[PDB]
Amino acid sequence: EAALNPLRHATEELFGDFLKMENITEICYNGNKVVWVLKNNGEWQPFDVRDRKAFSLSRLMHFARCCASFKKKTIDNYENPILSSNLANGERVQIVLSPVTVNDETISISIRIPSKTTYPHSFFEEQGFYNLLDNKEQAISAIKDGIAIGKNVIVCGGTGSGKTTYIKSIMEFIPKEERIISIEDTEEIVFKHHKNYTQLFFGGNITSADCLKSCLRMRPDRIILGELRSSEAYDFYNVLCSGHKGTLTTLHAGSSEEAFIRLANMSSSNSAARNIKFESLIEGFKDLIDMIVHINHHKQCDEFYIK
């Protein structure tokens, strides 16, 4: 709370108004008296804060420290000019100071609004999520019945494609008797259908891999890995092989094939992957991943790879 309350204030002090805006996904400050908000409609909206003390080097830098200190980190204009932390409510914050930013009077701050809502899968249908698909009714059945059976599916796309929004909805299809264990860095997933579950969160000295490793020791029926980003991918790979009921996850890729390539790469980055050939890894995944849903830049499915 002590490392907290002070942050809560600075936060509201600078981005109080913005964080209250609806249908937003990103608030950026480019150390230039302008706050930019990215709305789900995908349009960026600029705001002049010139006449605001809250956005003064001191007030800003205060907020900066309040963020670093909150996650037991530090930010300076020397060895630690770049910082990744979170706001009191979890929202991820990216802060950059000189000399990485252009100059002496420039401070960069970026915040991702984890879109808190949960649509019903049905909603996706009503909206024509699978309308680009030539097998609209096939996929739809595939998703519902596959996930229910316990297949390994992956949802991917670019930043702001709704990947997460989607996997949250398709969770309905998971037997409610299932013990789910999720692994996120920011509480986004919601358990509207299952009662037996446990949420795991990484960050700081705790890596996603740590969570994964502990997940395996908590006897879960389903594992949902919010997103793949680096070394964890390798671990994810082992999990797939260790004959586990079913798995759900997301990652940034531009297609079924890219996702594979991208997985192999993330996996290689891990130590224990020093002796594994590349085609080894790729083929490994291609072998275990049951389906991959890719979402285009218009929150629409443009790819439903199976088998």
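Residues carry their position along the shown sequence, with the first being 1.
Participant: Averaged over C-alpha atoms, is the B-factor higher for 276-284 or for 52-60 in this PDB entry?
Facilitator: Going by the record's values, the stretch with the higher mean is 276-284.
Participant: Between 65-73 and 254-262, point out the one with the higher average CA B-factor as the PDB entry records it.
Facilitator: Mean B over CA atoms: larger for 254-262.
Participant: Checking the record values for 137, 105, 221, 187, which has the greatest CA B factor?
Facilitator: 137 has the highest C-alpha B-factor of those listed.
Participant: Looking at 153, 95, 215, 225, which has the biggest Cα B factor in the entry?
Facilitator: By C-alpha B-factor in the record, 215 ranks first.
Participant: Divide the modelled residues of the chain into thirds by Cα B-factor and specify which third, lowest, middle or highest, holds residue 182.
Facilitator: Lowest third - that is where residue 182 ends up once the chain's C-alpha B-factors are sorted.
Participant: Taking the values exactly as deposited, rank residue 101 by C-alpha B-factor within its chain and report the matching third: lowest, middle or highest.
Facilitator: CA B-factor rank for residue 101: lowest third.
Participant: Based on the entry's values, in what third of the chain does the Cα temperature factor of residue 162 lie: lowest, middle or highest?
Facilitator: Its C-alpha B-factor belongs to the middle third of this chain's values.
Participant: If you rank every modelled residue in this chain by C-alpha B factor, which third holds residue 198: lowest, middle or highest?
Facilitator: It falls in the middle third of the chain.
Participant: Is the Cα B-factor recorded for residue 86 in the lowest, middle or highest third of its chain?
Facilitator: Lowest third - that is where residue 86 ends up once the chain's C-alpha B-factors are sorted.
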